[PDB]
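Source file: protein_20.cif; contents: mmCIF, C-alpha atoms; chains and numbers go by the auth columns.
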data_entry
#
loop_
_atom_site.group_PDB
_atom_site.id
_atom_site.type_symbol
_atom_site.label_atom_id
_atom_site.label_comp_id
_atom_site.label_asym_id
_atom_site.label_seq_id
_atom_site.Cartn_x
_atom_site.Cartn_y
_atom_site.Cartn_z
_atom_site.B_iso_or_equiv
_atom_site.auth_seq_id
_atom_site.auth_asym_id
ATOM 1 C CA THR A 1 4.251 -9.056 57.633 0.00 1991 A
ATOM 2 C CA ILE A 2 5.754 -8.619 61.086 0.00 1992 A
ATOM 3 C CA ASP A 3 8.740 -6.996 59.352 0.00 1993 A
ATOM 4 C CA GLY A 4 6.674 -4.707 57.124 0.00 1994 A
ATOM 5 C CA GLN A 5 7.118 -6.663 53.931 0.00 1995 A
ATOM 6 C CA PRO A 6 3.849 -7.138 52.031 0.00 1996 A
ATOM 7 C CA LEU A 7 2.164 -10.509 51.730 0.00 1997 A
ATOM 8 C CA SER A 8 0.515 -9.872 48.358 0.00 1998 A
ATOM 9 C CA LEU A 9 2.974 -9.546 45.483 0.00 1999 A
ATOM 10 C CA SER A 10 3.129 -6.552 43.172 0.00 2000 A
ATOM 11 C CA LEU A 11 1.580 -5.975 39.765 0.00 2001 A
ATOM 12 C CA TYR A 12 3.947 -6.197 36.786 0.00 2002 A
ATOM 13 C CA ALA A 13 2.752 -3.913 34.008 0.00 2003 A
ATOM 14 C CA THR A 14 3.524 -4.916 30.439 0.00 2004 A
ATOM 15 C CA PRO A 15 6.094 -2.714 28.644 0.00 2005 A
ATOM 16 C CA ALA A 16 5.263 -1.220 25.258 0.00 2006 A
ATOM 17 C CA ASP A 17 6.250 -3.207 22.193 0.00 2007 A
ATOM 18 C CA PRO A 18 8.771 -1.717 19.734 0.00 2008 A
ATOM 19 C CA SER A 19 6.837 -0.271 16.811 0.00 2009 A
ATOM 20 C CA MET A 20 7.599 -1.024 13.174 0.00 2010 A
ATOM 21 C CA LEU A 21 8.976 1.935 11.255 0.00 2011 A
ATOM 22 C CA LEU A 22 7.295 2.825 7.968 0.00 2012 A
ATOM 23 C CA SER A 23 8.547 4.731 4.943 0.00 2013 A
ATOM 24 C CA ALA A 24 6.986 5.706 1.638 0.00 2014 A
ATOM 25 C CA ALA A 25 7.964 6.951 -1.805 0.00 2015 A
ATOM 26 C CA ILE A 26 5.692 9.774 -2.865 0.00 2016 A
ATOM 27 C CA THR A 27 5.757 10.352 -6.602 0.00 2017 A
ATOM 28 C CA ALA A 28 5.479 13.353 -8.893 0.00 2018 A
ATOM 29 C CA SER A 29 3.960 13.882 -12.328 0.00 2019 A
ATOM 30 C CA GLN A 30 5.354 16.613 -14.567 0.00 2020 A
ATOM 31 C CA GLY A 31 4.063 17.428 -18.025 0.00 2021 A
ATOM 32 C CA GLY A 32 5.342 15.896 -21.209 0.00 2022 A
ATOM 33 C CA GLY A 33 7.267 17.448 -24.052 0.00 2023 A
ATOM 34 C CA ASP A 34 5.084 19.427 -26.425 0.00 2024 A
ATOM 35 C CA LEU A 35 5.936 19.685 -30.096 0.00 2025 A
ATOM 36 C CA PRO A 36 7.537 22.928 -31.369 0.00 2026 A
ATOM 37 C CA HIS A 37 6.851 24.695 -34.661 0.00 2027 A
ATOM 38 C CA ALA A 38 8.069 22.922 -37.795 0.00 2028 A
ATOM 39 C CA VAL A 39 10.228 24.743 -40.351 0.00 2029 A
ATOM 40 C CA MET A 40 10.687 23.578 -43.923 0.00 2030 A
ATOM 41 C CA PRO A 41 14.355 23.142 -44.923 0.00 2031 A
ATOM 42 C CA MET A 42 15.998 23.298 -48.337 0.00 2032 A
ATOM 43 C CA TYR A 43 17.306 19.750 -48.672 0.00 2033 A
ATOM 44 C CA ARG A 44 15.564 16.648 -49.914 0.00 2034 A
ATOM 45 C CA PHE A 45 14.235 13.795 -47.831 0.00 2035 A
ATOM 46 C CA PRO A 46 17.320 11.489 -47.599 0.00 2036 A
ATOM 47 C CA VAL A 47 19.573 14.435 -46.725 0.00 2037 A
ATOM 48 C CA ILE A 48 17.294 15.735 -43.984 0.00 2038 A
ATOM 49 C CA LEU B 1 -23.421 -19.038 12.551 0.00 632 B
ATOM 50 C CA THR B 2 -20.940 -21.909 12.642 0.00 633 B
ATOM 51 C CA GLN B 3 -20.256 -21.384 8.937 0.00 634 B
ATOM 52 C CA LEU B 4 -19.350 -17.762 9.690 0.00 635 B
ATOM 53 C CA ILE B 5 -17.178 -18.827 12.634 0.00 636 B
ATOM 54 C CA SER B 6 -15.349 -21.429 10.541 0.00 637 B
ATOM 55 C CA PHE B 7 -14.907 -18.923 7.711 0.00 638 B
ATOM 56 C CA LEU B 8 -13.428 -16.281 10.016 0.00 639 B
ATOM 57 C CA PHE B 9 -11.152 -18.855 11.633 0.00 640 B
ATOM 58 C CA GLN B 10 -9.762 -20.277 8.402 0.00 641 B
ATOM 59 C CA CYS B 11 -9.422 -16.791 6.924 0.00 642 B
ATOM 60 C CA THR B 12 -7.415 -15.681 9.959 0.00 643 B
ATOM 61 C CA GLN B 13 -5.308 -18.844 9.673 0.00 644 B
ATOM 62 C CA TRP B 14 -4.598 -18.244 5.980 0.00 645 B
ATOM 63 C CA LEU B 15 -3.875 -14.591 6.772 0.00 646 B
ATOM 64 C CA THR B 16 -1.319 -15.358 9.467 0.00 647 B
ATOM 65 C CA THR B 17 0.142 -18.122 7.294 0.00 648 B
ATOM 66 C CA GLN B 18 0.640 -15.638 4.467 0.00 649 B
ATOM 67 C CA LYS B 19 2.034 -13.079 6.975 0.00 650 B
ATOM 68 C CA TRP B 20 -0.385 -10.378 5.853 0.00 651 B
ATOM 69 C CA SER B 21 -2.558 -8.036 7.843 0.00 652 B
ATOM 70 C CA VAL B 22 -6.259 -7.250 7.670 0.00 653 B
ATOM 71 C CA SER B 23 -5.210 -3.873 6.275 0.00 654 B
ATOM 72 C CA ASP B 24 -3.202 -5.671 3.578 0.00 655 B
ATOM 73 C CA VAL B 25 -6.109 -7.869 2.520 0.00 656 B
ATOM 74 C CA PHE B 26 -8.382 -4.820 2.717 0.00 657 B
ATOM 75 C CA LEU B 27 -6.035 -3.015 0.337 0.00 658 B
ATOM 76 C CA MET B 28 -5.984 -5.953 -2.057 0.00 659 B
ATOM 77 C CA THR B 29 -9.719 -6.651 -1.885 0.00 660 B
ATOM 78 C CA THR B 30 -11.581 -3.467 -0.976 0.00 661 B
ATOM 79 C CA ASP B 31 -14.264 -1.701 -2.975 0.00 662 B
ATOM 80 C CA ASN B 32 -14.460 1.632 -1.104 0.00 663 B
ATOM 81 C CA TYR B 33 -11.359 3.107 -2.745 0.00 664 B
ATOM 82 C CA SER B 34 -10.689 6.781 -3.409 0.00 665 B
ATOM 83 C CA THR B 35 -11.723 8.886 -6.393 0.00 666 B
ATOM 84 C CA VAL B 36 -8.853 11.368 -6.262 0.00 667 B
ATOM 85 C CA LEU B 37 -6.464 11.824 -9.197 0.00 668 B
ATOM 86 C CA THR B 38 -3.215 10.220 -8.018 0.00 669 B
ATOM 87 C CA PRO B 39 0.098 11.211 -9.654 0.00 670 B
ATOM 88 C CA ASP B 40 0.636 7.530 -10.498 0.00 671 B
ATOM 89 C CA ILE B 41 -2.708 7.582 -12.299 0.00 672 B
ATOM 90 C CA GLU B 42 -1.634 10.765 -14.091 0.00 673 B
ATOM 91 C CA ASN B 43 1.587 9.067 -15.195 0.00 674 B
ATOM 92 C CA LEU B 44 -0.427 6.083 -16.408 0.00 675 B
ATOM 93 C CA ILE B 45 -2.691 8.453 -18.352 0.00 676 B
ATOM 94 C CA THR B 46 0.121 10.335 -20.054 0.00 677 B
ATOM 95 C CA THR B 47 2.119 7.166 -20.767 0.00 678 B
ATOM 96 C CA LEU B 48 -0.845 5.259 -22.200 0.00 679 B
ATOM 97 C CA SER B 49 -1.811 8.332 -24.223 0.00 680 B
#

Target encoding structure tokens, full file:
Amino acid sequence: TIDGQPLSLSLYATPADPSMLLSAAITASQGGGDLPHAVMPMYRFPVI
Amino acid sequence: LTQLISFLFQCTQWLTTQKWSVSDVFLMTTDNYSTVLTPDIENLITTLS
């Protein structure tokens, strides 16, 4: 203008949106229990 | 062409009604999945065995 102020208005850039935070549960896989060696005892079946 | 347009429109409408994403429907409906041995799959194997 006569005073130095601009006629055409300014551009308003869009701000960035807040992102959505993500989490996860990674999982493991260990081996199972393997059977030991069997020993024969001295007692009968109802006692053992 | 208009069948494809109507299909894409109503699929997008059902998607945004169900509050899912295209990635979510792609997870539930894909066919190009991995072939790697996941620990969850290993746990399923040892449990079901």

Exercise. How many Å separate CA of residue 678 in chain B from CA of residue 2029 in chain A?
Worked result: 27.5 Å

For this session: For the structure provided, state which residues fall under the PyMOL selection byres ((chain B) within 8 of (chain A)), and present them as a list in words.
Result: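 Matching residues under the PyMOL selection byres ((chain B) within 8 of (chain A)) are residues 670, 671, 673, 674 and 677 of chain B.
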
For this session: Find the distance between CA of residue 632 in chain B and CA of residue 645 in chain B and write it in Å to one decimal.
Result: 20.0 Å

Problem set entry | Two-atom distance - CA of residue 658 in chain B, CA of residue 642 in chain B (Å) |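 Atom-to-atom, CA of residue 658 in chain B and CA of residue 642 in chain B are spaced 15.6 Å apart.
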
Quick one: what's the axis-aligned box for range 2003-2012 of chain A, all listed atoms, 5 Å on every side, centre and edges in Å to one decimal, as AutoDock Vina command-line options?
--center_x 5.9 --center_y -1.0 --center_z 21.0 --size_x 16.2 --size_y 17.7 --size_z 36.0

Please return range 2007-2023 of chain A, rebuilt to N, CA, C and O atoms, as an mmCIF file, keeping the file's coordinate frame.
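Saved file result_5.cif follows:
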data_model
loop_
_atom_site.group_PDB
_atom_site.id
_atom_site.type_symbol
_atom_site.label_atom_id
_atom_site.label_comp_id
_atom_site.auth_asym_id
_atom_site.auth_seq_id
_atom_site.Cartn_x
_atom_site.Cartn_y
_atom_site.Cartn_z
ATOM 1 N N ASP A 2007 5.513 -2.504 23.226
ATOM 2 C CA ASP A 2007 6.250 -3.207 22.193
ATOM 3 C C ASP A 2007 6.960 -2.210 21.279
ATOM 4 O O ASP A 2007 6.485 -1.086 21.087
ATOM 5 N N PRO A 2008 8.113 -2.585 20.723
ATOM 6 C CA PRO A 2008 8.771 -1.717 19.734
ATOM 7 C C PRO A 2008 7.959 -1.670 18.448
ATOM 8 O O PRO A 2008 7.618 -2.706 17.873
ATOM 9 N N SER A 2009 7.631 -0.457 18.013
ATOM 10 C CA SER A 2009 6.837 -0.271 16.811
ATOM 11 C C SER A 2009 7.661 -0.586 15.568
ATOM 12 O O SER A 2009 8.892 -0.661 15.600
ATOM 13 N N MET A 2010 6.963 -0.776 14.457
ATOM 14 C CA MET A 2010 7.599 -1.024 13.174
ATOM 15 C C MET A 2010 7.625 0.274 12.386
ATOM 16 O O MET A 2010 6.583 0.899 12.169
ATOM 17 N N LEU A 2011 8.816 0.680 11.968
ATOM 18 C CA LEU A 2011 8.976 1.935 11.255
ATOM 19 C C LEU A 2011 8.494 1.787 9.819
ATOM 20 O O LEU A 2011 8.697 0.749 9.184
ATOM 21 N N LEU A 2012 7.848 2.830 9.312
ATOM 22 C CA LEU A 2012 7.295 2.825 7.968
ATOM 23 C C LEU A 2012 7.883 3.969 7.160
ATOM 24 O O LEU A 2012 8.119 5.058 7.688
ATOM 25 N N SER A 2013 8.115 3.711 5.880
ATOM 26 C CA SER A 2013 8.547 4.731 4.943
ATOM 27 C C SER A 2013 7.626 4.680 3.738
ATOM 28 O O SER A 2013 6.780 3.789 3.617
ATOM 29 N N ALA A 2014 7.803 5.636 2.836
ATOM 30 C CA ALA A 2014 6.986 5.706 1.638
ATOM 31 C C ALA A 2014 7.745 6.472 0.572
ATOM 32 O O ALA A 2014 8.632 7.268 0.882
ATOM 33 N N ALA A 2015 7.400 6.216 -0.682
ATOM 34 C CA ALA A 2015 7.964 6.951 -1.805
ATOM 35 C C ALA A 2015 6.814 7.677 -2.486
ATOM 36 O O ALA A 2015 6.082 7.102 -3.290
ATOM 37 N N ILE A 2016 6.637 8.949 -2.136
ATOM 38 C CA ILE A 2016 5.692 9.774 -2.865
ATOM 39 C C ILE A 2016 6.253 10.049 -4.251
ATOM 40 O O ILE A 2016 7.471 10.079 -4.462
ATOM 41 N N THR A 2017 5.361 10.224 -5.214
ATOM 42 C CA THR A 2017 5.757 10.352 -6.602
ATOM 43 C C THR A 2017 5.219 11.654 -7.170
ATOM 44 O O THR A 2017 4.248 12.222 -6.668
ATOM 45 N N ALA A 2018 5.865 12.122 -8.231
ATOM 46 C CA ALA A 2018 5.479 13.353 -8.893
ATOM 47 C C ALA A 2018 4.987 13.029 -10.295
ATOM 48 O O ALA A 2018 5.086 11.894 -10.767
ATOM 49 N N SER A 2019 4.443 14.041 -10.962
ATOM 50 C CA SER A 2019 3.960 13.882 -12.328
ATOM 51 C C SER A 2019 4.066 15.216 -13.043
ATOM 52 O O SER A 2019 3.167 16.052 -12.931
ATOM 53 N N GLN A 2020 5.154 15.410 -13.777
ATOM 54 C CA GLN A 2020 5.354 16.613 -14.567
ATOM 55 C C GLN A 2020 4.811 16.394 -15.968
ATOM 56 O O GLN A 2020 4.587 15.254 -16.387
ATOM 57 N N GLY A 2021 4.596 17.491 -16.684
ATOM 58 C CA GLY A 2021 4.063 17.428 -18.025
ATOM 59 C C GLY A 2021 5.053 16.849 -19.018
ATOM 60 O O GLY A 2021 6.257 16.752 -18.782
ATOM 61 N N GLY A 2022 4.513 16.443 -20.161
ATOM 62 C CA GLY A 2022 5.342 15.896 -21.209
ATOM 63 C C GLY A 2022 5.893 16.968 -22.128
ATOM 64 O O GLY A 2022 5.601 18.157 -22.002
ATOM 65 N N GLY A 2023 6.716 16.527 -23.074
ATOM 66 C CA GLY A 2023 7.267 17.448 -24.052
ATOM 67 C C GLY A 2023 6.274 17.737 -25.163
ATOM 68 O O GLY A 2023 5.764 16.831 -25.825
#
